[PDB]
Amino acid sequence: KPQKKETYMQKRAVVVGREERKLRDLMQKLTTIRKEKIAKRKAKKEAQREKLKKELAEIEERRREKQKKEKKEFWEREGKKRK
RNA sequence: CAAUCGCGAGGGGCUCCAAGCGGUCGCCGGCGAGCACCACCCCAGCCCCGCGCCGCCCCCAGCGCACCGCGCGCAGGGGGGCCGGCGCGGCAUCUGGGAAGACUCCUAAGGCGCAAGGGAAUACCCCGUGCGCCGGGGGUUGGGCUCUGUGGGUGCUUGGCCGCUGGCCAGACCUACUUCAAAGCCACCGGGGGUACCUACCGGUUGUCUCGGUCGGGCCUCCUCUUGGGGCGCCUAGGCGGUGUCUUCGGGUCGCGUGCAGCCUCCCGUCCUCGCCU
RNA sequence: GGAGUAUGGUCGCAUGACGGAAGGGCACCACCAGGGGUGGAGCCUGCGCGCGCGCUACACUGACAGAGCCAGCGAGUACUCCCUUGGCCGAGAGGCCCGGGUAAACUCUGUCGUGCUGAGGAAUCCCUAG
RNA sequence: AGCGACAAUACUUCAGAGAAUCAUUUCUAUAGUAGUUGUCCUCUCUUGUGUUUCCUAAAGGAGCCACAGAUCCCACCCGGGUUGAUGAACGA
């Protein structure tokens, strides 16, 4: 729950001035630009990953057609030459 | 309360009425409290007294208005009546407030504080967890929690020990004596499966050499694990804490300009939302 | 080459039946006790002017006015009833501002006093503890 | 409709090579390869295992009476204390 009563440890603290205030503000603004930065970079690595697995799926379809044509022509060959 | 007595607003011609209000004698009336209406101090107020300002009224004291007049609009000198208010200073008392004595008052048998938790009339307030502080009650030359030890008890009471019909609790003696091995049965390994070697059992074979067989076992194999399960993590919608901008308004501020208009760096709060923390 | 499994064309074929008695059991399509409808008026969906069914209206249980006091289901960046006389900002299209059309109940306490301000024929139908 | 063919057209399915190591309480068939020893002294990291304990975090007490001991706490008193007790992050 949110606390509506300012406790003593909140009524006790040190109000901090301009130098450390601006060190806090600069440090926050850097951290937000880092978070949006890595959100972009991993969005684009995810997209390129999806293209990679897509075309790997198509090339394994063609590998399956090599399997079926090769085994079918085989059992033509020995399938005829056993009789 | 009971007997009694007085005055007299207010109204009407020394008299009349009355709202009211008091006194005296009895109270085999009842209630309440007794230093203290005091001590110490502070803040005011009533009154009386001091000294100086104003507020007002004075008298002399000059221009314009009527050169057929007073007085008037006003500039203000110096003193006066020193009249009252106000200001300041005491003021033996009286009045009120606060403080106040530790017998007193100290809100009650309970209260207070700090820190957390929950709810709001969201400035205030309210309710009952952890730490403390006092109090009431009770209270025999100390008390209390906790832990540990020993003895008895938690089933009806007949001795300690031995080579026990006897002996010993200080022990003693130590090694004999012998005619005749044995009756059988039974005897817990998880399931399926393999069988070369060992073993078991069955049937043998020659002369103690081998062979064949069998719901046993040794040995081997694959199940007797991988769960309608639990724990600990990861991930994450989100919440909270710390915290930072953005909008909006109100203040505050360094400074510039013309110190108008404004510009203008910085600070605080509100509104508003978004954000970030190994 | 085999095996299937499909797909689409081509061809041939023509021991019974019916009752009666008496005895059991059950029923708001029965008796019994009651309660509720619908059917009088109006609006109406439906079904075939008619039959209904839902809803509205009609008083003692009134009307007015205060005070008090109670629910449970309900959460998709979702939800607004109209259509406008005007005016703003509008070169133009729109957005604006101003006018027109968490309960009922219940409790308790006080003011008026039946005052077109009248509860529905025959019938047939339903209903037995939250 | 229903069977039979009677051919076509699709789909699906019907092999597995090479090399090495492992294993027979020596030797998996290979001589093309560590590894025939009861070493001495320390330190560090690390897998398990027993017991005891605490937490996650509760639960249940083989229970009674007597006597005794101990740590701790409170009370009293003593000692040092506003000529400074206690708390409390150091520049010479």
# chains A, B, ... in the order shown; residues from 1 in each chain; ligands from 1

$ interface_residues --of "chain B" --to "chain A" --cutoff "12 Å" --atoms "only C-alpha atoms (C1' of nucleotides)" --output "list in words"
residues 114, 115, 116, 117, 118, 119, 120, 122, 239, 240, 241, 242, 243, 244, 245, 266, 267, 274, 275, 276 and 277 of chain B

$ closest_atom_pairs --of "chain C" --to "chain A" --cutoff "12 Å" --atoms "only C-alpha atoms (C1' of nucleotides)" --output "CSV"
residue,atom,partner,partner_atom,distance
C:1,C1',A:80,CA,3.7
C:2,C1',A:79,CA,7.2
C:3,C1',A:79,CA,11.6

$ atom_distance --atom1 "atom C1' of residue 54 of chain C" --atom2 "atom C1' of residue 42 of chain C"
13.9 Å

$ interface_residues --of "chain D" --to "chain A" --cutoff "12 Å" --atoms "only C-alpha atoms (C1' of nucleotides)" --output "list in words"
residues 11, 12, 13, 14, 15 and 16 of chain D

$ write_last_selection --atoms "N, CA and C atoms (P, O5', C5', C4', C3', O3' and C1' of nucleotides)" --output "PDB file, in the first residue's frame"
ATOM      1  P     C D  11       3.967 -36.558 -56.024  1.00  0.00           P
ATOM      2  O5'   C D  11       3.739 -36.813 -54.471  1.00  0.00           O
ATOM      3  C5'   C D  11       2.950 -35.917 -53.705  1.00  0.00           C
ATOM      4  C4'   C D  11       2.300 -36.612 -52.538  1.00  0.00           C
ATOM      5  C3'   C D  11       3.212 -37.492 -51.706  1.00  0.00           C
ATOM      6  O3'   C D  11       3.976 -36.754 -50.773  1.00  0.00           O
ATOM      7  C1'   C D  11       1.199 -38.643 -52.158  1.00  0.00           C
ATOM      8  P     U D  12       5.438 -37.258 -50.343  1.00  0.00           P
ATOM      9  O5'   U D  12       5.162 -38.516 -49.411  1.00  0.00           O
ATOM     10  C5'   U D  12       4.499 -38.369 -48.165  1.00  0.00           C
ATOM     11  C4'   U D  12       4.140 -39.707 -47.579  1.00  0.00           C
ATOM     12  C3'   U D  12       5.296 -40.672 -47.409  1.00  0.00           C
ATOM     13  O3'   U D  12       6.039 -40.426 -46.231  1.00  0.00           O
ATOM     14  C1'   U D  12       3.460 -41.792 -48.390  1.00  0.00           C
ATOM     15  P     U D  13       7.633 -40.586 -46.242  1.00  0.00           P
ATOM     16  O5'   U D  13       7.861 -42.161 -46.174  1.00  0.00           O
ATOM     17  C5'   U D  13       7.535 -42.888 -44.999  1.00  0.00           C
ATOM     18  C4'   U D  13       7.329 -44.356 -45.282  1.00  0.00           C
ATOM     19  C3'   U D  13       8.535 -45.119 -45.796  1.00  0.00           C
ATOM     20  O3'   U D  13       9.427 -45.500 -44.766  1.00  0.00           O
ATOM     21  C1'   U D  13       6.646 -45.660 -47.103  1.00  0.00           C
ATOM     22  P     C D  14      10.986 -45.689 -45.092  1.00  0.00           P
ATOM     23  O5'   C D  14      11.078 -47.145 -45.727  1.00  0.00           O
ATOM     24  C5'   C D  14      10.641 -48.289 -45.007  1.00  0.00           C
ATOM     25  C4'   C D  14      10.740 -49.534 -45.851  1.00  0.00           C
ATOM     26  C3'   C D  14      12.061 -49.722 -46.571  1.00  0.00           C
ATOM     27  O3'   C D  14      13.045 -50.293 -45.732  1.00  0.00           O
ATOM     28  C1'   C D  14      10.273 -50.110 -48.075  1.00  0.00           C
ATOM     29  P     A D  15      14.148 -49.355 -45.047  1.00  0.00           P
ATOM     30  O5'   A D  15      15.513 -49.885 -45.651  1.00  0.00           O
ATOM     31  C5'   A D  15      16.710 -49.155 -45.468  1.00  0.00           C
ATOM     32  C4'   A D  15      17.818 -49.725 -46.307  1.00  0.00           C
ATOM     33  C3'   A D  15      19.198 -49.671 -45.684  1.00  0.00           C
ATOM     34  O3'   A D  15      19.428 -50.745 -44.795  1.00  0.00           O
ATOM     35  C1'   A D  15      19.289 -48.969 -47.953  1.00  0.00           C
ATOM     36  P     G D  16      20.042 -50.464 -43.343  1.00  0.00           P
ATOM     37  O5'   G D  16      21.391 -49.681 -43.647  1.00  0.00           O
ATOM     38  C5'   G D  16      22.534 -50.352 -44.165  1.00  0.00           C
ATOM     39  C4'   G D  16      23.614 -49.384 -44.582  1.00  0.00           C
ATOM     40  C3'   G D  16      24.305 -48.644 -43.441  1.00  0.00           C
ATOM     41  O3'   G D  16      25.674 -48.441 -43.772  1.00  0.00           O
ATOM     42  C1'   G D  16      23.270 -47.082 -44.894  1.00  0.00           C
TER      43        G D  16
END

$ select_by_dssp --residues "segment 3-68 of chain A" --states "helix (DSSP H, G or I)" --output "MDAnalysis selection string"
chainID A and resid 8:11 18:68

$ decode --residues "chain A" --atoms "C-alpha atoms" --output "PDB file, in the first residue's frame"
ATOM      1  CA  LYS A   1       0.000   0.000   0.000  1.00  0.00           C
ATOM      2  CA  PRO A   2       1.084   3.612  -0.465  1.00  0.00           C
ATOM      3  CA  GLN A   3       1.761   5.298   2.847  1.00  0.00           C
ATOM      4  CA  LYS A   4      -0.066   8.572   3.353  1.00  0.00           C
ATOM      5  CA  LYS A   5       1.728   9.412   6.604  1.00  0.00           C
ATOM      6  CA  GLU A   6       5.212  10.868   6.334  1.00  0.00           C
ATOM      7  CA  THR A   7       7.073   8.721   8.829  1.00  0.00           C
ATOM      8  CA  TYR A   8       9.919   9.943  10.995  1.00  0.00           C
ATOM      9  CA  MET A   9      12.609   8.528   8.724  1.00  0.00           C
ATOM     10  CA  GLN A  10      11.072  10.588   5.915  1.00  0.00           C
ATOM     11  CA  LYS A  11      10.720  13.668   8.140  1.00  0.00           C
ATOM     12  CA  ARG A  12      14.330  13.190   9.223  1.00  0.00           C
ATOM     13  CA  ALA A  13      16.335  13.098   5.996  1.00  0.00           C
ATOM     14  CA  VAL A  14      18.786  15.614   4.540  1.00  0.00           C
ATOM     15  CA  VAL A  15      17.551  17.867   1.753  1.00  0.00           C
ATOM     16  CA  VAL A  16      20.348  17.591  -0.803  1.00  0.00           C
ATOM     17  CA  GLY A  17      21.394  20.562  -2.939  1.00  0.00           C
ATOM     18  CA  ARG A  18      22.343  21.476  -6.473  1.00  0.00           C
ATOM     19  CA  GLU A  19      25.576  19.591  -7.155  1.00  0.00           C
ATOM     20  CA  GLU A  20      24.363  16.153  -6.116  1.00  0.00           C
ATOM     21  CA  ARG A  21      20.921  17.029  -7.483  1.00  0.00           C
ATOM     22  CA  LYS A  22      22.463  17.509 -10.924  1.00  0.00           C
ATOM     23  CA  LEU A  23      24.625  14.412 -10.570  1.00  0.00           C
ATOM     24  CA  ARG A  24      21.415  12.492  -9.870  1.00  0.00           C
ATOM     25  CA  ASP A  25      19.623  14.104 -12.821  1.00  0.00           C
ATOM     26  CA  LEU A  26      22.474  13.440 -15.265  1.00  0.00           C
ATOM     27  CA  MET A  27      22.772   9.887 -14.025  1.00  0.00           C
ATOM     28  CA  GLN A  28      19.056   9.248 -14.508  1.00  0.00           C
ATOM     29  CA  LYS A  29      18.913  10.758 -18.026  1.00  0.00           C
ATOM     30  CA  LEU A  30      21.871   8.611 -19.021  1.00  0.00           C
ATOM     31  CA  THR A  31      20.124   5.519 -17.675  1.00  0.00           C
ATOM     32  CA  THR A  32      16.911   6.169 -19.641  1.00  0.00           C
ATOM     33  CA  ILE A  33      18.832   6.692 -22.870  1.00  0.00           C
ATOM     34  CA  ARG A  34      20.608   3.399 -22.168  1.00  0.00           C
ATOM     35  CA  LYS A  35      17.299   1.559 -21.674  1.00  0.00           C
ATOM     36  CA  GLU A  36      15.771   2.855 -24.920  1.00  0.00           C
ATOM     37  CA  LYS A  37      19.117   2.159 -26.632  1.00  0.00           C
ATOM     38  CA  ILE A  38      19.149  -1.535 -25.734  1.00  0.00           C
ATOM     39  CA  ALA A  39      15.422  -1.797 -26.514  1.00  0.00           C
ATOM     40  CA  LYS A  40      16.181  -0.647 -30.073  1.00  0.00           C
ATOM     41  CA  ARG A  41      19.282  -2.834 -30.478  1.00  0.00           C
ATOM     42  CA  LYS A  42      17.585  -6.015 -29.313  1.00  0.00           C
ATOM     43  CA  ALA A  43      14.465  -5.262 -31.365  1.00  0.00           C
ATOM     44  CA  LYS A  44      16.612  -5.200 -34.502  1.00  0.00           C
ATOM     45  CA  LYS A  45      18.648  -8.267 -33.519  1.00  0.00           C
ATOM     46  CA  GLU A  46      15.333 -10.048 -32.923  1.00  0.00           C
ATOM     47  CA  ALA A  47      14.096  -9.096 -36.401  1.00  0.00           C
ATOM     48  CA  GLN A  48      17.299 -10.286 -38.103  1.00  0.00           C
ATOM     49  CA  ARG A  49      17.063 -13.498 -36.063  1.00  0.00           C
ATOM     50  CA  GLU A  50      13.534 -14.054 -37.391  1.00  0.00           C
ATOM     51  CA  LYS A  51      14.726 -13.601 -40.978  1.00  0.00           C
ATOM     52  CA  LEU A  52      17.567 -16.071 -40.324  1.00  0.00           C
ATOM     53  CA  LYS A  53      15.296 -18.799 -38.964  1.00  0.00           C
ATOM     54  CA  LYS A  54      12.734 -18.143 -41.729  1.00  0.00           C
ATOM     55  CA  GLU A  55      15.160 -18.763 -44.564  1.00  0.00           C
ATOM     56  CA  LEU A  56      16.786 -21.637 -42.671  1.00  0.00           C
ATOM     57  CA  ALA A  57      13.315 -23.207 -42.578  1.00  0.00           C
ATOM     58  CA  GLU A  58      12.962 -22.829 -46.356  1.00  0.00           C
ATOM     59  CA  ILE A  59      16.406 -24.303 -47.000  1.00  0.00           C
ATOM     60  CA  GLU A  60      15.541 -27.289 -44.811  1.00  0.00           C
ATOM     61  CA  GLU A  61      12.377 -27.742 -46.876  1.00  0.00           C
ATOM     62  CA  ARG A  62      14.632 -28.036 -49.926  1.00  0.00           C
ATOM     63  CA  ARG A  63      16.862 -30.447 -47.981  1.00  0.00           C
ATOM     64  CA  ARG A  64      13.755 -32.581 -47.343  1.00  0.00           C
ATOM     65  CA  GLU A  65      13.020 -32.631 -51.082  1.00  0.00           C
ATOM     66  CA  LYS A  66      16.593 -33.846 -51.653  1.00  0.00           C
ATOM     67  CA  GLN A  67      15.915 -36.620 -49.117  1.00  0.00           C
ATOM     68  CA  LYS A  68      12.702 -37.750 -50.809  1.00  0.00           C
ATOM     69  CA  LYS A  69      14.071 -37.633 -54.361  1.00  0.00           C
ATOM     70  CA  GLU A  70      17.241 -39.501 -53.348  1.00  0.00           C
ATOM     71  CA  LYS A  71      15.477 -42.264 -51.409  1.00  0.00           C
ATOM     72  CA  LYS A  72      12.769 -42.613 -54.071  1.00  0.00           C
ATOM     73  CA  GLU A  73      15.345 -43.038 -56.848  1.00  0.00           C
ATOM     74  CA  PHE A  74      17.224 -45.484 -54.615  1.00  0.00           C
ATOM     75  CA  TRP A  75      14.228 -47.741 -54.096  1.00  0.00           C
ATOM     76  CA  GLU A  76      13.617 -47.544 -57.811  1.00  0.00           C
ATOM     77  CA  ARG A  77      17.141 -48.933 -58.256  1.00  0.00           C
ATOM     78  CA  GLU A  78      17.391 -51.689 -55.632  1.00  0.00           C
ATOM     79  CA  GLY A  79      13.601 -52.010 -55.561  1.00  0.00           C
ATOM     80  CA  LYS A  80      13.845 -53.123 -59.180  1.00  0.00           C
ATOM     81  CA  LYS A  81      17.111 -55.063 -58.846  1.00  0.00           C
ATOM     82  CA  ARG A  82      15.911 -57.354 -56.047  1.00  0.00           C
ATOM     83  CA  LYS A  83      13.155 -58.769 -58.272  1.00  0.00           C
TER      84      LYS A  83
END
